[PDB]
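Enquirer: Have a look at this one before I ask anything.
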There are 2 protein chains.
Amino acid sequence: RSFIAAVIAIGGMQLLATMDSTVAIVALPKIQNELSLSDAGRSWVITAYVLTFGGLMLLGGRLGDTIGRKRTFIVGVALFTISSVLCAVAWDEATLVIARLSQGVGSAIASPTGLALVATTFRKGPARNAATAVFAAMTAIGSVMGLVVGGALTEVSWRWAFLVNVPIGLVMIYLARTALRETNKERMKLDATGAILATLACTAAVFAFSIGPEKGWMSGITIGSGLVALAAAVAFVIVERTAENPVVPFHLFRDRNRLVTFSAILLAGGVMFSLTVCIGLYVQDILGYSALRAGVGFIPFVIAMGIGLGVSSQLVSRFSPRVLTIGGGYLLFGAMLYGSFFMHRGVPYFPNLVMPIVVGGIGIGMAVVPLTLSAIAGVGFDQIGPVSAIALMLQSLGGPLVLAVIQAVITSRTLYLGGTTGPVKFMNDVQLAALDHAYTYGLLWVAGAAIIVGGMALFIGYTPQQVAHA
Amino acid sequence: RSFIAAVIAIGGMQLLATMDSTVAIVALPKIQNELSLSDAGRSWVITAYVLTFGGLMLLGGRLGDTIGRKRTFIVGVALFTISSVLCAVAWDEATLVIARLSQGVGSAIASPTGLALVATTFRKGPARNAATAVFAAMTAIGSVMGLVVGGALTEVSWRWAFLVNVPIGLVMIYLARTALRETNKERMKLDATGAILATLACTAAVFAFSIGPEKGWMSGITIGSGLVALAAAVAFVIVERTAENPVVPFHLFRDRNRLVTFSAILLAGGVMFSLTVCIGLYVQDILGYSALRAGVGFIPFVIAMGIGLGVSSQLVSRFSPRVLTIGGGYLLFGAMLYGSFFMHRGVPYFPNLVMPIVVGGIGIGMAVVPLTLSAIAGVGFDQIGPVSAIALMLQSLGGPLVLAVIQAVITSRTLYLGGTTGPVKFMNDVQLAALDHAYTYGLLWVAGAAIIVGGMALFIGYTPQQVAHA
Ligand SMILES: CCCCCCCCCCCCCCCCCC(=O)OC[C@H](COP(=O)(O)OC[C@H](O)CO)OC(=O)CCCCCCCCCCCCCCC
Ligand SMILES: CCCCCCCCCCCCCCCCCC(=O)OC[C@H](COP(=O)(O)OC[C@H](O)CO)OC(=O)CCCCCCCCCCCCCCC
Ligand SMILES: CC(C)CCC[C@@H](C)[C@H]1CC[C@H]2[C@@H]3CC=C4C[C@@H](OC(=O)CCC(=O)O)CC[C@]4(C)[C@H]3CC[C@]12C
Ligand SMILES: CC(C)CCC[C@@H](C)[C@H]1CC[C@H]2[C@@H]3CC=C4C[C@@H](OC(=O)CCC(=O)O)CC[C@]4(C)[C@H]3CC[C@]12C
């Protein structure tokens, strides 16, 4: 009961953060009809959460060293929970944007602390391997459950969708309070100048990329804000040389296999993210499943995901992370090839759509556990904070970049086969077929990106003694 | 009875040529101890067969049009059978070289004609699908049976190994005489200037490539002969513009998928050849099975490959050659990866060495049949000759090129890990472990080359209606 309560509590913010984003996307069309925030306001509710979430993420890495990881985890979750109630009673667009900003601040604090608590709470060995599986397990549970909740009670009101976080957030605070322990160690003074410039450098960049498409890539505020991001980054690196308790220990990233590992998670996160966004759109638009049915149809992915995670936790103590990552992805690679050839519109569910999802889930489950363990290997307690924060930022940063490339490819080929850009409800059924074939073509591009992750994963070179088996 | 006799006869030259090369390699050390031909003559017996086999191969493609494909097939096999007898009674090195030169001429005349007999003898449909499987099936039978025969009857005398072809060559000539019919079509005038220049260019290129390492890549005769190869190649292309019944119809290779299909077989042949050469050396050297035991241990490969060929012949009428080539090699890609991680010295036979061979054999069998049917698709009867000759030449040319790259990578990592260049019998057992891991490393490079074949195979685009299903 004690070990079970601890692993569930540590992975709580992965459940909440992934579930909230999926619900917010689902309920966007109605928030127009009620608030009338217009097409401009459509993207501010999304970008507001991402503006502070990425900006303050590297500040939240070092906030557990100077104050405490258990306190930091609880405070971040509590602020996230409170902000969800305020977002559910937003009067107009203005109230909603402040609400989404505060959720990003709370998530920026608790997300890095959750992955740091995995390394510092469970000693290397079977304990850390079981905890790693649960931490990655609940990220998929929240994603699928966000569809089901986002598709089930959407029909009544979008305000009840943001209140579902409140019961869940309260349970994670209670579990973390009575299951986690405060470490009795002296605090480290926070790096003021290093922490400030990192927030300014990151926040300005996120703002510039988000507003760029709205005003154009050469509007003047797009590259004008990029100038501030560049100037802040240059000043951050210079002061970082003579920094005490540094925010980003550049020296810890050398020519060894830490860069290879951290290069994989950035590009792997892009493949995982773009595969999730494209598949959801295809099932909703082409196959006409709807939000509720799509969420219930992805339940087998979670069960398949769990089987891969559970098997990998046992095998990680006998096989190096190199073979397990390759072995798991080989199953995933076959699943995407099958879908790229035999996934037209109107196919049945059980034979065609279930098996590739089940096979792909086991492959992903096998590869995530070795990669997470090697990302937190050979670090310690005085540098686990920033290293865990860097891991989550690269995973999230690689999402939008790879997906941006993929979506451009899908759009281009839809016009090539003969099609239109715009809402799917006004297509001629000859223009809908072109969109279908475009999505499967873009799945080959995702396969090419996955292959590059594999060759870069051949250079890891960690033994099962270092990542696990201690 | 008439059908089985016809398919066996057409593939007879594939069994003989593949069997002869394997037997010739096995018996080279003993030919040294008897004839005392020195190391220089050791390689001349091999190059003599290839010098005329590759030099005259393109000539034989158009020889069946002006003489007849049945008469051309009997003449080539007959000359091959006679020369094997002359090779078995060679008293000095001169007699052996002229004997090996004659065998290449016989193989050059019959090898292109055998593949052209597949397209002309059997109508497009299930009959041609079954004939193609048998044609590919007994190319593999000769290789494994060459090990068994060469490794068995070479503790008595190496001369007897060359007489084993005589019974087989006689049987194929009888079957071809009583099972094939001579087409009644008017003969075509041979392209005199085009044929002589094509022969001179191909022989000179082989000569310079073979003699280069002996005399050095800049000896004076190496690049001296390469000068003649370039001059003959240029003149061949110019005169082919105004050539009637061209030896190489360049216009038949446009931007369509004929180039993609013919580029796949070039590099696919290289992957197959280097995979066969390296696996044989590893089994004999690292594992120490010997030639006889190695041949008996590769019997499951032929059985496994027969299943792949038999299954693929049925499926080729419903699925395009694109998916079958990708589907078959996906099994082969996994087999190479498993052998690249769990294949050290001292492992048993049935658990570790049998299964990857069986899985790889089925994958190879699945992809061979679709590639062969698309290489002889949509040509006719007045150009099937030269097109079949080009298909075999690219397959044979790709072997040495890819294997040269692989063997260079093997040698470099042997020295890097700590190793010695020389015979394997003078090794320290610490120098022998380095050679073990060099071979396992090179298997990753063969898998990387296979991936390139796959992406290049995604551009084929043939439908099952064209290659088969008639
Ligand atoms: C990385 C290491 C970490 C180290 C660094 C430390 C970080 C630790 C974190 C670990 C957690 C990672 C994995 C978590 C998984 C999350 C994804 C998820 O659980 O979500 C499921 C998704 C639903 O997405 P949603 O719909 O909710 O959101 C989209 C909106 O709807 C649209 O805006 O779908 C799926 O089940 C994906 C199935 C993939 C299987 C293989 C593909 C087979 C091909 C079939 C043909 C398809 C047609 C072609 C189409 C092209
Ligand atoms: C292409 C389309 C055509 C269109 C154009 C028209 C042309 C039509 C032709 C069709 C015929 C093609 C295929 C025929 C197959 C021939 C090969 C064969 O039948 O021969 C078997 C070979 C024995 O070779 P030999 O010994 O005789 O000769 C070597 C000397 O001994 C050395 O000098 O072995 C094998 O069974 C290969 C097994 C591969 C399985 C996959 C790999 C698994 C990895 C396991 C770990 C291994 C250790 C690592 C090691 C690195
Ligand atoms: C459907 C028919 C016409 C088959 C033709 C397929 C080609 C049009 C596609 C198939 C796979 C594609 C490749 C798949 C993956 C990549 C990886 C891609 O690399 C990245 O994904 C980097 C993106 C990033 O890192 O941000 C560059 C293009 C390339 C080679 C693509 C080039 C074009 C290819 C060969
Ligand atoms: C202990 C460390 C050094 C091992 C890490 C593995 C890498 C050193 C190897 C693994 C496979 C290799 C790749 C395997 C295959 C190829 C194909 C090769 O493509 C070919 O053109 C070869 C075949 C041909 O010549 O036709 C180019 C290099 C590359 C990408 C190799 C580059 C180096 C890689 C990634």
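When we count neighbours, we look across all protein chains shown, and the Cβ atoms used for this are built from the backbone with ideal geometry, even at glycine. The numbers here are math on the coordinates, done by the rules we state, and not lab data.
Enquirer: Select from the range B:363-470 those chymotrypsin sites (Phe, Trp or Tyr not before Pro) which occupy a DSSP coil region and have at most 10 other Cβ atoms within 10 Å, ordered by residue number. Provide the component values of the computation, followed by the final result.
Expert: On the way: sites: B:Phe381, B:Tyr416, B:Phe426, B:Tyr439, B:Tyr441, B:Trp445, B:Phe459, B:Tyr462; in loops: B:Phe381, B:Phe426, B:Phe459, B:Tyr462.
Within the range B:363-470, the qualifying chymotrypsin sites (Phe, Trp or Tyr not before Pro) (loop, at most 10 other Cβ atoms within 10 Å) are B:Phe426.
Enquirer: If neighbour count is taken as other Cβ atoms inside 10 Å, put A:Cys87, B:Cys278 in order from fewest to most. Don't skip to the end; give the middle numbers.
Expert: Working: A:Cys87 25, B:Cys278 18.
Lowest to highest Cβ neighbour count: B:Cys278, A:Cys87.
Enquirer: Choose one of B:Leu315, B:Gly378, B:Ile460: the residue whose Cα lies farthest towards the positive end of the charge dipole of the protein assembly as shown (beta-carbon charges +1 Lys, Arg; -1 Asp, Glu; about the Cα centre).
Expert: In the protein assembly as shown, that residue is B:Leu315.
Enquirer: Here's something else I'd like to know. Kindly provide the pair-distance distribution of the range A:140-269 built from C-alpha pairs, with 10 Å bins from 0 and whole-percent values in order of increasing distance.
Expert: Answer for the range A:140-269: a P(r) of 10, 18, 25, 33, 14, 1 percent.
Enquirer: Name the residue from B:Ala24, B:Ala127, B:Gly61 whose Cα lies farthest towards the positive end of the charge dipole of the range B:1-191, charges +1 on Cβ of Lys and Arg and -1 on Cβ of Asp and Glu.
Expert: Result: B:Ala127.
Enquirer: Also, I was wondering about something else. Please report, in whole Å, how far the alpha carbons of the range A:248-470 spread along each principal axis, starting with the longest.
Expert: Taking the Cα atoms of the range A:248-470, the three principal extents are 60, 34, 29 Å.
Enquirer: Moving to a separate point now. Where does the charge balance sit around A:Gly64 when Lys and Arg score +1, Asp and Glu -1, over other residues with C-beta under 15 Å from its C-beta?
Expert: Details: positive: A:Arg62, A:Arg69, A:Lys70, A:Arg71, A:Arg181, A:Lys185, A:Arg187, A:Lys189; negative: A:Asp65, A:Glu182, A:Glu186, A:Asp191, A:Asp382.
Net charge around A:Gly64: +3.
Enquirer: If you take the charge dipole of the protein assembly as shown about its Cα centre, with +1 on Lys and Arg Cβ and -1 on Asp and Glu Cβ, which of B:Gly280, B:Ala201, A:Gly106 is farthest toward its positive end?
Expert: Selected residue: B:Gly280.
Enquirer: Under the definition of partner shielding as Cβ atoms of other protein chains within 10 Å of a residue Cβ, what is the mean value for peptide A:335-348? Mind dumping the intermediate values first?
Expert: Numbers: counts 0, 0, 5, 3, 0, 3, 6, 2, 0, 0, 0, 0, 0, 0.
Other-chain Cβ atoms within 10 Å of each residue's Cβ, averaged: 1.
Enquirer: With only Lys, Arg, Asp and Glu charged, each at its Cβ (+1 for the first two, -1 for the last two), find how big the charge dipole of chain A is about the Cα centre; round to the nearest 20 debye. Show your work: numbers first, answer last.
Expert: On the way: 28 positive and 18 negative charges, 250 e Å.
Around 1200 debye, computed over chain A.
Enquirer: Moving to a separate point now. Just want to confirm a number: the relative contact order over chain B, from Cα pairs under 8 angstrom separated by 6+ residues, in percent.
Expert: On the way: 705 pairs, mean separation 102.4, N = 470.
Once normalised by length, the contact order is 22 percent.
Enquirer: For A:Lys185, list the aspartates and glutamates whose Cα falls under 13 Å from its own Cα; do not include residues on the same chain fewer than 8 positions away.
Expert: Filter leaves A:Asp65, A:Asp382.
Enquirer: Here is a further query. List the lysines whose alpha-carbon lies under 22 Å from that of A:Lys189, not counting same-chain residues fewer than 8 positions away?
Expert: Partners within reach: A:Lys70.
Enquirer: Follow-up question, since we're still on this one. If you wrap a convex hull around the C-alpha atoms of the range B:1-191 and split its volume per residue, what is the figure in Å³? If you can, show how the numbers build up before the last one.
Expert: Values: hull volume 21.2 nm³, N = 191.
With only Cα atoms used, the range B:1-191 gives 111 Å³ per residue.
Enquirer: I've got another one for you. State to the nearest 20 debye the size of the charge dipole of the range A:248-470 about its Cα centre, where the only charges are +1 on K and R beta carbons and -1 on D and E beta carbons. Before the final figure, lay out each step's value.
Expert: Values: 9 positive and 5 negative charges, 46 e Å.
Here the range A:248-470 has a charge dipole of around 220 debye.
Enquirer: May I pose another question? Just the number: Rg to Rh for the range A:228-292, Cα atoms, Kirkwood Rh, two decimals.
Expert: Details: Rg = 19.9 Å, Rh = 15.7 Å.
The Rg/Rh ratio comes out at 1.27.
Enquirer: Exposed loop GluC sites (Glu not before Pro) only (DSSP loop, at most 13 other Cβ atoms within 10 Å): please give the longest stretch of chain A free of them, not including the sites. Don't skip to the answer; put the middle values down first.
Expert: Details: sites that count: A:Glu182, A:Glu186, A:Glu244.
That would be A:245-470.
Enquirer: So, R0 is 25 Å and r is the distance between the beta-carbons of A:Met456 and B:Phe342; what FRET efficiency does that work out to, to 0.05?
Expert: Details: r = 22 Å, r/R0 = 0.88.
Given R0 = 25 Å and the Cβ-Cβ separation, E is 0.70.
Enquirer: Using just the helices of chain A, give the 222 nm mean residue ellipticity in deg cm²/dmol: DSSP H runs with n ≥ 4 each add -39,500 (n - 2.57), and the total is spread over all residues, rounded to 500. Numbers along the way, then the final one.
Expert: Working: 22 runs with 356 residues, N = 470.
Dividing the helical sum by the residues of chain A leaves -25000 deg cm²/dmol.
Enquirer: Same structure again: Can you bin the protein assembly as shown into rounded, prolate or oblate? Criterion: square roots of the alpha carbon gyration tensor eigenvalues sorted a ≥ b ≥ c, rounded for a/c under 1.5, prolate for a/b above b/c, oblate for the rest. Intermediate values should be presented prior to the final figure.
Expert: Working: a/c = 2.52, a/b = 1.93, b/c = 1.31.
It is prolate, given that a/c is not under 1.5 and a/b is the larger ratio.
Enquirer: Order these by the 10 Å Cβ neighbour count, fewest first: A:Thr203, A:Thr52, A:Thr178. Don't skip to the answer; put the middle values down first.
Expert: Values: A:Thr203 19, A:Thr52 22, A:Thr178 11.
Placing the least packed residue first, the sequence is A:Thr178, A:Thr203, A:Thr52.
Enquirer: While we're here: Based on DSSP loop calls and a cut-off of at most 12 other Cβ atoms within 10 Å, the longest stretch of chain B free of exposed trypsin sites (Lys or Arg not before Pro) is what? Walk me through the numbers before you get to the answer.
Expert: Values: sites that count: B:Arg1, B:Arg123, B:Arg181, B:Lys185, B:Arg187, B:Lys189, B:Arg241, B:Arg254, B:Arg256, B:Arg318, B:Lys425.
By the stated rule (loop sites, at most 12 other Cβ atoms within 10 Å), B:2-122.
Enquirer: Taking the Cβ of B:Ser157 as the center, what net charge do the other residues with Cβ under 15 Å away carry, scoring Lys and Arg +1 and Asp and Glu -1?
Expert: On the way: positive: B:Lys30, B:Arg159; negative: B:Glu34, B:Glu155.
After counting each charged neighbour, the total is 0.
Enquirer: Work the Kirkwood hydrodynamic radius out for the range A:87-192: mean of 1/r over every pair of different alpha-carbon atoms, inverted, in Å.
Expert: Working: mean 1/r = 0.0591 Å⁻¹.
After inverting the mean inverse Cα-Cα distance, the result is 16.9 Å.
Enquirer: If you don't mind, another one. Please get the size of the charge dipole for the protein assembly as shown, origin at its Cα centre, with Cβ charges of +1 on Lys and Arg and -1 on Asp and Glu, quoted in debye to the nearest 20.
Expert: 960 debye
Enquirer: What's the Cα-based Rg to Rh of the range B:371-467, Rh via Kirkwood? Write down the numbers at each step before the final one.
Expert: Details: Rg = 20.1 Å, Rh = 16.7 Å.
Here Rg/Rh amounts to 1.20.
Enquirer: Let me ask something else about it. For chain B, what is the largest minus smallest coordinate of the Cα atoms on each principal axis, given in angstrom and ordered from greatest to least?
Expert: Over chain B, Cα extents along the principal axes are 67, 52, 45 Å.
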